[PDB]
Every structure is written in structure tokens, then in C-alpha cells.
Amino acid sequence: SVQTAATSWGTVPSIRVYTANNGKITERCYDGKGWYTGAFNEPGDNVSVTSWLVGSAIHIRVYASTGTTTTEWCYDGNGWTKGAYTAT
């Protein structure tokens, strides 16, 4: 069994769908034409997601969890980086 998370933005629209399969999370993308594979590739058994626009710039936060460890991954216009999130 796979586990999914999804977010969207604009009126086109843009959609992003994160799938946790056998300990690896991957990303599928839609921008008003076809579905394609996105840059996001990280380890996880469980995923959630949220996003917001600042003007016309999209920002995404993905919460990947393995055992009891949860890692935030940030997209802000160029590539994916680790975020300051702590489970405290």
C-alpha cells in the first residue's frame, strides 16, 4: 500500500502529488499540459504537504517521516533544501 499527499495553486492550475512507496518519496507534477516527474526525491514512510504564494512566487513545505524522525524539505524557486523544523 502507498500513501499520498497533494497541494495545488493558481487557476491553471498547478498540482503536486507526493507518494511514499517502500521507504522512498517521489513527486508528480501538473502545470496545465501533461503529468511529469518532479525534482523531489527523499527517504520517508509517511508524507504531508502545504504551500503558499508570495506575489507570483510559489513556496512548498513537505514533511517526510521515517520511524519517529520528521524532516522538513523546502522549495522556494530553485531546488530543495532542509528546513529548521524540530519535533519538540
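Residue indices: 1-based, along the sequence shown.
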### Task
Quick one: say whether 4 to 12 or 78 to 86 has the higher mean Cα B-factor in the deposited entry.
78 to 86
### Summary
Quick tally, chain-level thirds of C-alpha B-factors: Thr70 sits in the middle
## Note on the structure
Here the Cα B-factor of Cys29, set against its chain, lands in the third termed middle
### Task
Consider only the C-alpha atoms of the modelled residues in this chain, order them by B-factor as the entry records it, and name the third containing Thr37: lowest, middle or highest.
middle
